[PDB]
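Protein chains in written order, with my numbering: chain A, 308 to 416; chain B, 308 to 416; chain C, 642 to 926; chain D, 642 to 926; chain E, 1032 to 1244; chain F, 3 to 111. A short write-up of the structure that comes next.
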C-alpha cells in the first residue's frame, strides 16, 4: 500500500545492509585483541551525516557509503525505484530516512 | 515517463554493462586457484571515481571506462541520448549516478 | 576618542593547502565555498590567522596566557584566570571560560582566494611495497593569493600601546596552519589598504580583484576606486602600501584622481612606520 | 634569536618525466596544473624532493631512522620510537605515527616548471608476454627548468649543527623519483637565491621566472628586482648566485643598484662557504 | 647535458668483429630506414670481452648505444624497440631501450676519429685542433698510445659494393675542457663518421680501459 | 578503390621492403590517437567502437600475422581521415602530427 512507502522501507533496508557491509569491513580490518571500533564508527557516521550543505554534499556521501557497503541484495531487487528515489526527493528527507536506518539496523544485530 | 529519468536509467544500465565487460576481462586475466580481485577492483573503481577535479578529469575517465568495458549494447542503441546526457549536466551529478550504478550492478549476477 | 584601523590585505602568490574540511576518504579538501560571480573559491579560516598572530606574539617575547609548546603540540595556560591587563593575548583576542569573557580588540574576516578554485589535487605515495592503509593519499592545492579583511577597536585595548606589535605581526606573519611540510605558503603581505579613522562605518572591504582568472594580476576593484573618487573614504585617512602601488601609479590621470592624495608608499616598511607614527600621535604614546 | 633560511633554487634545463600521475588510459601524464598567466605548467611533488634529501642524508653517514634498501625497495626503521635528538631525519623532516609528532624544521613547495607545458609526448613501448608482444603507450616529457621554494626553521632543529648537511644535500641532491625518472634529470641547483633573515616575513618565494619558451635563459622576475630595489629584502640578508649572477652583472646600473650590495657570487660553492660561515657565526657553532 | 640523449639497447647474439662499424650501421639501416638520412646521430662502440681472433664476445654489459637529439627519438624508437637485425649470418636482438644522459667529465676520449686526407699523427693533431676551434672548444690534444708508446691507429673497413675501402684513424684524448665545453664536445664530436661508429666521445676511463689492452 | 590504388602506387616509391612492425606500430599509434580522441569526446565512441575493438584485436594477436586490407586498414585510415598513401608513406612524426591535427589533440610526438 502506497508504493512510495514501500520504496522508503526498502531504502531503509538498503542502507542497513550497506552499513552491515561496512561493519564487516571494519571488523576485518581490526587485528590483535584491540576492540573493533563500532560505537566510534557509528558516532562518526552520524556526525558526518549531520554535516552536509545541500545536493552534491551528502548525496556524494550517500552514494559513497552505499558503495562501501558492497553487495546489497535489497538494492539488487529494485533498481529503478531506488535510483529514482535517490536522484529525486529533497536531500533532507533522505537524511531523515538514513538516520532512521541508523537506528533501525540494530534489529539485525 | 519523465524522459530525463529515462536517460538516467539507461546511463545506469550502460555503466553496469561496461563494468560487466571489465569484470569479464579481469576474470579472463586471472588463472588457477587465486581469488580474482573483484572487491578490490570495486574499491579501486570507487577510489578512481572519487579522485577527480572537474570537467576533463572524470570525463576522460568515464570515456576510458566505457571503452575498456567493451561493446555496450545499450550504448549502441542509445548513442545520442547517452552522449548528450554526458556532455550536459554537472559532472558531480554524473559521478553520483555512476556511484549508484556501481552499487547497482549486483543483480546482473 | 574612539579610533579604528581597518585593513584589506593580500598575500603572496603560491601553492597553498592551508585549510582542510573533512577528509572525505583520501583528499584533504581545501576549505572552499561560493563567492563573487558564483564560482567556488578556496578559503582560509580567520581562526588560523588569529592563531598565527598569537603565535607571533608568543615568539617575539611578550606575555601570552596561551603558550604553544612546539614539542607536545599542546596549549598551556600561564594562569587559569585570564587577565587582559597584563597578557597581550587575552587583551587582543579575548577569551571565553564557560568571569569577564571580554570582547576582543581584533576582529578578522575569513580569507578568500583571489583566484577561483577549479582542481589541482596532489598525489601521495610512501616508498615502495608493503603498502598499508596509509600508502595512498591525495591532497588538494590552489595556486592563488589569499586576501582577508581585519578591523581592530584600538580604544577597546586595555593597553593602547599593544596596537604596534599587532601591526608588526601582521607584517611578519608566521606560518598559517596548513600542510607546510609539502606546501610552504608564505602569508606575509605584499599589498595593504589600511584605514585609520574614528568612524564605525568601515568600507575598504575586499577590494583587491583578479584581472584574469587563473593569473596573478591582483588589480584593485573598480567599486573601491569609485568609492574613493566619489568623496567617501577620505584619502587623508587611507593607507596604501605594497605591490599594488606600482599598478596604481601606472594608471592614467592618477595625479588628478583623489587616490593620489591618499598615503601611498611602494615600500611596505615605510608605510608601516608612517602609520605607526600617526597612531602614536593620535593615542598619545 | 629565531633565525630562518628561505630560498628559491633553480635547476638546469633538460627533459623531465619525474612525477607521473594516475596514467589515465595509456599515457603517463606529467603532473601539470595552472600557473602565472593561466598557462599549464608541469610540477614536481615536494615530497619527492624531501625523499631525495632524506636519501642523501642516509647515504653519507648521518644516522637516520628510515633506511632505503636500494634493492628490495623497503624502508626499515632503525628504531621503532622516533628520536629526533639522535637521528638527522626525525630532527629535520619530522614524523607522524598515529608519541611526539615532530613539526619538522624543513618546509618545501612543489617545483614549478619555468616554461609552460605545451606538447612533447614520447613514444614508449612496453613489453608483453603474449608471444613477445610490444604494445605502444605514451609518456609525457617536458623540457624546462624546475624552481622550488623552501624554508628552514633553524631554531626548531634539536641540534643546531644539523643545518649544515642540509645545504650540502640541496647542492648535491640525488636522483629524484628514481625508476620513473626516464631521462636522468639532475636536481642540483644552477642558480640560488637565499635569504638568511631573522623575521617570519619572507619574499623571494618564486623570484625566478623567464617565460618565453623559445629560450632557456632563466631570467629574474621584475617583481623581485623591484622588491629588492624598494627597500624591502635587506641586501645584507640576500645571498644570490649561479648562472643568473652572470646575467645580472652584465646589466646596466648594476653597480648603482641596491642589488649590488647583496651578497653575490658567480660560483655557487663560494656562496655555500660564505653562507655556512655566516650560519656558524650566528648559531655559535 | 640532458638536451641530448644516448639511446641504449641490451644487445645479445653472436660474437662480433672489433671493426664492425659498417656491418652494424648497414644492418641498422636495413631494419631502420630513417636512420639512413638523419644528421646528428651517432653510435657508441659496443663493449664486451674480446677474443684472440679480433672478435668481441658480447657480455651482460655489452649494449648498443646510440647518440641522438631528443627531438628525433620518435623517428628511431619504432624500428628498434624490441627489434632484431642480422649482421651477415648472425642474429642480434635488441630489448626495450633505456635513456642515458650526456654527462660532463673533466677529460674525454674517442676510440677512433677519421678526417679525410690526414694519415700522419702531427697533421691529425693539427686537424683535430682545427675542428676543435671550429666548435668553440678549449682543451689540449693527446693521442692514445700502444704499449710501445706509438700512437695507436684504428682501421674501419667499409665493404661498399664488391670492393672495400680503408680509412685509418687515431684515438684522441682531450682534457681540461670545462664542463660546458665538455658537453659540447661529446655532443658534436670530431671526425664526422658518427654514423660510421667512430666519432662519439666518452669519459676518460674508457681510454684507460683501451690502453690496458 | 582509392585506398587500393594508393596502396599499389605507393609500393615502388618506398624504396625498401616494408617492415611488419613498422605497420603494426603505426596502427598502434592510430589506436592511441583514437583513444585520446574518445577521451576528449565521448560521442566519438559510438562512431569508432567497432574499429577500436578490431584494432585492439589486431594489436593483441601476433604482429607478424597479416592484416585484412579492406576489412581493417582501409576503414581504419578512413575513420582517421587519413589516406592509405599517408599511412604507409609518412614517417612516425608526420603521421602523429597529422593525426593530432585531425582529431584536434594537443599532443606532440
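The C-beta atom is built at its ideal place from N, Cα and C for all residues, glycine as well.
Here the alpha carbon of residue 1041 of chain E sits roughly 20 angstroms from the alpha carbon of residue 763 of chain D. Within 10 angstroms of the beta-carbon of residue 383 of chain B lie fewer than 16 other beta-carbons, which makes it exposed. Residue pairing by DSSP places residue 880 of chain D opposite D:835, D:904 in a beta bridge. Among the residues facing chain A, residue 390 of chain B is not included, as its CB has no counterpart in that chain under 8 angstroms away. Interface flag for residue 334 of chain A against chain C is unset, since no Cβ pair is found closer than 8 angstroms. Beta-bridge partners assigned by DSSP to residue 1098 of chain E: E:1037, E:1073. It is roughly 24 angstroms from the alpha-carbon of residue 1203 of chain E to the alpha-carbon of residue 1047 of chain E.
Against chain B, the CB of residue 51 of chain F has a partner CB under 8 angstroms away; the residue lies at that interface. Only residues of its own chain outside the window of five on either side were considered, and among them 1053, 1196 have a CB closer than 6 angstroms to the CB of residue 1189 of chain E, listed in chain order. When the alpha-carbon of residue 403 of chain B is set against those of A:409, A:371, A:311, the nearest one is in A:371. A Cβ of chain D is located within less than 8 angstroms of the beta carbon of residue 41 of chain F.
Interface annotation, residue 342 of chain B: not in contact with chain A, CB-CB separation never under 8 angstroms. Its chain contains 651, 652, 653, 883, 884 as the residues whose beta carbon lies nearer than 7 angstroms to that of residue 831 of chain D, once the 5 sequence neighbours on both sides are disregarded; these appear in chain order. Among the residues facing chain B, residue 370 of chain A is included, as its CB has a counterpart in that chain under 8 angstroms away. Counting of Cβ neighbours within 10 angstroms places residue 13 of chain F among the exposed residues, the total staying below 16.
Contacts between residue 663 of chain C and chain A, judged by CB atoms closer than 9 angstroms, involve 355, 358 in chain order.
Chain F places a beta carbon closer than 8 angstroms to that of residue 378 of chain B, counting this residue as a contact. The beta carbon of residue 728 of chain D sits closer than 7 angstroms to those of 704, 705, 706, all from its chain and outside the five residues before and after it, given in chain order.
Contact annotation: the region 716 to 730 of chain C does not touch the region 651 to 670 of chain C, with fewer than three C-beta pairs closer than 8 angstroms.
Relative to residue 744 of chain D, the option among D:873, D:734, D:751 whose CA is nearest is D:734. Contact of residue 784 of chain D with chain F is not assigned, every C-beta pair being separated by 8 angstroms or more. Around the Cβ of residue 715 of chain C, a 10 Å sphere holds fewer than 16 other Cβ atoms; the residue is exposed. Neighbours of residue 47 of chain F in chain B, taken as residues at a C-beta separation under 7 angstroms, are given in chain order as 370, 373, 374. Only those residues of the region 744 to 767 of chain C whose C-beta falls short of 8 angstroms from the nearest C-beta of chain B are listed: 759, 760, 761, 762. Per DSSP, residue 749 of chain D is one residue of the beta strand (DSSP E) stretching across 747 to 749. Beta-bridge annotation (DSSP): residue 1043 of chain E is paired with E:1124. Take residue 377 of chain B, set aside five residues on each side of it, and the residues of its chain with a beta-carbon closer than 6 angstroms to its own are 328, in chain order.
Residue 1141 of chain E counts as buried, since no fewer than 16 other beta carbons sit within 10 angstroms of its beta carbon. Annotated as distal: residue 760 of chain C and residue 312 of chain B, with beta-carbon spacing of 8 angstroms or more. Look at the beta carbons and you see the region 889 to 907 of chain D touching the region 862 to 870 of chain D: at least three pairs across the two are nearer than 8 angstroms. Per DSSP, reduced to three states, the secondary structure at residue 806 of chain D is helical. Non-local C-beta neighbours of residue 338 of chain B in its own chain, meaning closer than 6 angstroms and more than five positions away in sequence, are absent. DSSP places residue 1225 of chain E outside both helix and strand once states are collapsed to three, so it counts as coil. At a cut-off of 8 angstroms between beta-carbon atoms, residue 1062 of chain E makes contact with chain F.
Within the model, the alpha-carbon separation for residue 853 of chain D versus residue 758 of chain D is close to 12 angstroms.
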